[PDB]
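Trainee: once you've seen the sequence and the experimental structure below, I've got questions.
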Amino acid sequence: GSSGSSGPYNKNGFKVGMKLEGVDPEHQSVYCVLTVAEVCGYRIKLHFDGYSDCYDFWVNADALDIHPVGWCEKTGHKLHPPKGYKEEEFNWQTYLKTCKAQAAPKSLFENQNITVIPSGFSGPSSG
């Protein structure tokens with residue numbers, strides 16, 4: 001705020017402790033789980049659960065590849081487990097209960113969304 005203790009903010013809103021899903025530099029189709037390792041500027045530190053920190057990269061605070069927990073399933077993709085972990089075994093909730101961690105909020109990814117329908121045609125819901 002202009003009035004008051006001068007001093008604007010830079011951080012996007014991320015925090016240390018919130019889990020999320022990102023994309024691997026070796027493939028733009030593979031989605032791996034990552035955990036906030038640091039926060040600064042208009043970027044965030046992404047760590048590879050199981051891997052070493054040295055193998056950490058900073059992504060765009062407003063990136064599209066990155067998504068909140070339980071995203072892959074939302075859209076319709078298969079998330080890949082961490083180092084030494086299976087997709088069928090890896091259970092977010094299970095990992096979120098042991099580390100008393102809370103999946104990152106959707107407010108951090110409120111950049112990309114879908115536009116409302118023109119209110120014309122309507123398709124059924126297959127299931």
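Mentor: That came through, no problem. Numbers count the residues shown, from 1 in each chain.

Trainee: so how far is stretch 19-26 off the chain centroid?
Mentor: 8 Å (CA atoms, centre = their mean, to the nearest Å).

Trainee: and what of stretch 92-108?
Mentor: Relative to its chain's centre, stretch 92-108 lies at 11 Å (CA atoms, centre = their mean).

Trainee: then that stretch to CSV, C-alphas only?
Mentor: Backbone C-alpha positions of stretch 92-108 (Å, rounded to 0.1, in the frame of the first residue of the first chain) are rendered in CSV as follows:
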residue,chain,number,x,y,z
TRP,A,92,-0.4,-38.2,-2.3
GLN,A,93,-2.8,-38.2,0.7
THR,A,94,-0.6,-40.9,2.3
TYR,A,95,2.4,-38.7,1.8
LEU,A,96,0.5,-35.6,2.9
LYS,A,97,-0.6,-37.2,6.1
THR,A,98,2.9,-38.4,7.1
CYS,A,99,4.5,-35.1,6.5
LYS,A,100,1.5,-33.2,7.8
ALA,A,101,1.9,-31.1,4.6
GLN,A,102,-1.0,-29.4,2.8
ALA,A,103,-1.0,-29.4,-1.0
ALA,A,104,-0.4,-26.0,-2.5
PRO,A,105,-3.5,-23.8,-3.0
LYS,A,106,-5.1,-23.3,-6.4
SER,A,107,-4.8,-19.6,-6.0
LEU,A,108,-1.1,-19.9,-6.9
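
Trainee: quick one: residues in contact with that stretch.
Mentor: 12, 13, 14, 17, 18, 19, 20, 36, 68, 69, 70 (CB atoms under 8 Å, 6 or more residues apart in numbering). Every C-beta, even on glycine, is put in place using the N, C-alpha and C of the backbone.
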